[PDB]
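Colleague: Dumping the structure here so I can ask a few things about it.
Note: ideal-geometry Cβ built from the backbone for every residue, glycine included; neighbour counts use all protein chains shown. Nothing in this text is a laboratory measurement; each read-out follows from the coordinates by a stated rule.
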Amino acid sequence: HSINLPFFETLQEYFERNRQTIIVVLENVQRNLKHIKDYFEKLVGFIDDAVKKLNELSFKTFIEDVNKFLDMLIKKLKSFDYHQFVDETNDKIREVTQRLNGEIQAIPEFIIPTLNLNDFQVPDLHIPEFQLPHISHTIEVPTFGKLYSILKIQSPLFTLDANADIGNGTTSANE
Amino acid sequence: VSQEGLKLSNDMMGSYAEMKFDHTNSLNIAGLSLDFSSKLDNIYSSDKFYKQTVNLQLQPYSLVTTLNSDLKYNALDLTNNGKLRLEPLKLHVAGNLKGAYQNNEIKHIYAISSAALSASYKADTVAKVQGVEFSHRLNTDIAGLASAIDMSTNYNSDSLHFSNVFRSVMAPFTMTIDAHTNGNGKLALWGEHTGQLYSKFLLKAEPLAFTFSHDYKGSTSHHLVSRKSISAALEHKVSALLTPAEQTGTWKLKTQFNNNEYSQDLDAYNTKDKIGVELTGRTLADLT
């Protein structure tokens, strides 16, 4: 169940108004700027990038994109492999050494071992992946349906079977 | 003393009856290098004596140190040897220590080296006393950063043999535990006591998700005097899958004493849809 409030609506409206006004101001700035040529083109490109990103931005979409990137990062981290990362680190160290040497000829070397540890052990368990339901300007609530108690006692001396159940009235929201 | 450098040599010889003391120290100075050697031997009797030998060599960008000493007391003996090589950023420490008295001897191995700014260490200790061996090994390549641990502890005896093996890694993000233990217990005081040990523990962890499981079986049978056949058979196994979206666990506990047994079945559930637990307490008991 999604919970939305008039405050959310006013927030989105004011956000849109402010974004529109700032886009107008940015367009004014860009036009004044347009009002060495490589540098001028670079400045125009910077202001254009600012305007484009400002137009793209929206609070709900912004939080959605942030959540998307966070989920991607979690998936990357959970699948992270130390052998692959160690090889990548060796690649980067070699790149740095090759660079610094290239500026020298155009200093002692730095080295990192090609370490591996999966050879000695490999996990046998299964780890479920991370799951985060998407995030928007609205609030989410899984409504409570029912609560029920099931009890059974078996013994020739005495027998009990007690049930206690209580739940929500979900017929309508107003009631 | 000369433009070449200082030279110092001294010898002090003293002896009478069983005692002979031969001491010499050779100290030479040459350029940017030092040479020294102190070879000292103190003989109190053929099987009762002390030997010390220290030899140090200093040269530009390298150190060499040798230490060899020997001690003997007829029925007892002790020997030790330690190598030390050091140069800029490279360390190599190795040697041996050995103490023995008749058959009962202890062997130790130590070797520490540092290369590529990563420190490696290996130690081996084995004791063999009165026909009982103890084999505990600390394995190689404990780096010190993003490190790993391996071990092998083994005790062997007629009444009991114990074997323990462990492996774990402390890499930046992911964690793992592989613990496996086995123990057989045999003891006869007031009847046979068969102490059996089955203990396995495994743990794996990673960002935003954790899981584990304990697997233990405990069984012990006691054939005590007075025809008492007592069997203690405890069996518990644990597990739980943990991560923010879904959470649950399980615990199987089986315990029994002779003809009386209890077993409980537990399953913990915590997920978006529901939370709940279920319990089944079943008992078997004797006596009126």
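Colleague: How about residue B:228: which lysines have a C-alpha closer than 22 Å to its C-alpha, ignoring those fewer than 8 places off in the same chain?
Modeller: Excluding near neighbours in sequence, the set is B:186.
Colleague: Which cross-chain or sequence-distant (5 or more) residues have an amide H under 5 Å from the amide H of residue B:138, H modelled 1.01 Å from N in plane?
Modeller: B:123, B:125
Colleague: Direction-averaged shadow area of the convex hull around the Cα atoms of the protein assembly as shown, nm²?
Modeller: Its Cα hull, projected and averaged over all orientations, spans 48.1 nm².
Colleague: May I pose another question? Provide the net charge surrounding residue B:283, with neighbours chosen by a C-beta distance below 14 Å and charges set as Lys +1, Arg +1, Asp -1, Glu -1.
Modeller: On the way: positive: B:254, B:282; negative: B:261, B:265, B:286.
Net of charged neighbours comes to -1.
Colleague: Residue B:65 to residue B:119: FRET efficiency via 1/(1 + (r/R0)^6), r the Cβ-Cβ distance, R0 22 Å, to the nearest 0.05?
Modeller: According to the calculation, E is roughly 0.70.
Colleague: I need the phi-derived Karplus couplings for segment A:45-58: 6.51 cos²θ - 1.76 cosθ + 1.60, θ = phi - 60°, integer Hz, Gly and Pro marked x.
Modeller: x, 4, 5, 5, 4, 4, 5, 4, 5, 4, 4, 4, 4, 8
Colleague: Ok, one more. Starting from the 7 Å offset along Cα-to-Cβ, what nm value, one decimal, do you get for the label separation of residue B:272 and residue B:187?
Modeller: 5.4 nm
Colleague: Same structure, new question: Per q in 0.10, 0.12 Å⁻¹, report the Debye log10 I(q)/I(0) for segment B:172-288, using one uniform scatterer on each alpha carbon and no solvent.
Modeller: Here the Debye-derived log intensity ratios amount to -0.47, -0.63.
Colleague: Still on this structure, I have one more. Given labels modelled 7 Å from the Cα in the Cβ direction, how far is it in nm from residue B:85 to residue B:257?
Modeller: Simple spin-label model gives 6.4 nm for this pair.
Colleague: For residue B:108, what is the net charge nearby, where nearby means another residue's Cβ is under 15 Å from its Cβ and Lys, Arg count +1, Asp, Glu -1? Write out the running numbers ahead of the final one.
Modeller: Numbers: positive: B:83, B:98, B:107, B:122, B:128, B:137; negative: B:77, B:105, B:124, B:133.
Combined, the nearby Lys, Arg, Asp and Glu give +2.
Colleague: Right, another one. Can you pull the one-decimal nm distance between simple spin-label points at residue B:57 and residue B:225, each 7 Å off the Cα toward Cβ?
Modeller: Label at residue B:57, label at residue B:225, 7.0 nm between them.
Colleague: From a point 7 Å beyond the Cα of residue A:61 in the direction of its Cβ, which residues of segment A:16-31 have a backbone N at a distance under 16 Å?
Modeller: In segment A:16-31, the label zone of residue A:61 (backbone N under 16 Å from the point 7 Å along Cα→Cβ) covers A:16-24.
Colleague: Within 10 Å of each Cβ of B:164-173, how many other protein chain Cβ atoms are there on average?
Modeller: Counting other chains' Cβ atoms within 10 Å and averaging over B:164-173 gives 3.
Colleague: What whole number of Å gives the distance from the Cα centroid of segment B:63-82 to the Cα centroid of segment A:1-65?
Modeller: Taking the Cα centre of segment B:63-82 as reference, the centre of segment A:1-65 is 80 Å away.
Colleague: Per residue of A:115-125, what is the mean number of Cβ atoms on other protein chains within 10 angstrom of that residue's Cβ? The partial results should precede the final answer.
Modeller: Working: counts 7, 0, 8, 1, 0, 7, 8, 2, 10, 4, 9.
Other-chain Cβ atoms within 10 Å of each residue's Cβ, averaged: 5.
Colleague: Take every residue in peptide A:80-87, count the Cβ atoms of other chains within 10 Å of its Cβ, and give the average of those counts.
Modeller: 3
Colleague: What FRET efficiency would be calculated for the residue pair residue A:9, residue A:111, taking the C-beta separation as r and a Förster radius of 60 Å, to the nearest 0.05?
Modeller: The calculated FRET efficiency here is 0.50.
Colleague: What is the mean projected area of the alpha carbon convex hull for segment A:32-175, to one decimal in square nanometres? Spell out each step's value before the answer.
Modeller: Numbers: hull surface 96.9 nm².
About 24.2 nm², averaged over all directions.
Colleague: Sticking with this one: How big is the dipole moment of chain B about its Cα centre under a simple scheme where the beta carbon of each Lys and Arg is +1, that of each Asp and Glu is -1, and everything else is neutral? Debye, nearest 20, please.
Modeller: 180 debye
Colleague: Could I ask something else about it? Report the FRET efficiency, 1/(1 + (r/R0)^6), for residue A:157 and residue B:128, where r is their Cβ-Cβ distance and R0 is 60 Å, rounded to 0.05.
Modeller: Once the sixth-power term is evaluated, E becomes 0.45.
Colleague: Give the Cα extents of segment B:101-239 along the principal axes, in whole Å, largest first.
Modeller: Reported extents, whole Å, longest axis first: 67, 54, 9.
Colleague: Given 37 °C and 0.692 mPa s, how large is the Stokes-Einstein diffusion coefficient of segment B:247-287 in µm²/s, with Rh as the Kirkwood radius over Cα pairs?
Modeller: For the chosen part, D equals 279 µm²/s.
Colleague: For chain B, build the convex hull from the C-alpha positions and give me its volume per residue in Å³.
Modeller: 158 Å³
Colleague: With a sphere of radius 15 Å drawn around the Cβ of residue A:4, what net charge do the other residues whose Cβ falls strictly inside it have (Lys, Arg +1; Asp, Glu -1)?
Modeller: Details: positive: A:60; negative: A:9, A:13, A:140.
Counting the neighbours of residue A:4, the net charge comes to -2.
Colleague: Expressed in nm to one decimal, what extension gain is obtained for the pair residue B:104 and residue B:30 from 0.36 nm per residue of sequence separation less their Cα-Cα distance?
Modeller: Working: separation 74, 0.36 × 74 = 26.64 nm, distance 4.75 nm.
The span from residue B:104 to residue B:30 would gain 21.9 nm if fully extended.
Colleague: To continue, here is another question. Residue separation times 0.36 nm, minus the C-alpha to C-alpha distance between residue B:216 and residue B:140: what's the value?
Modeller: 24.4 nm
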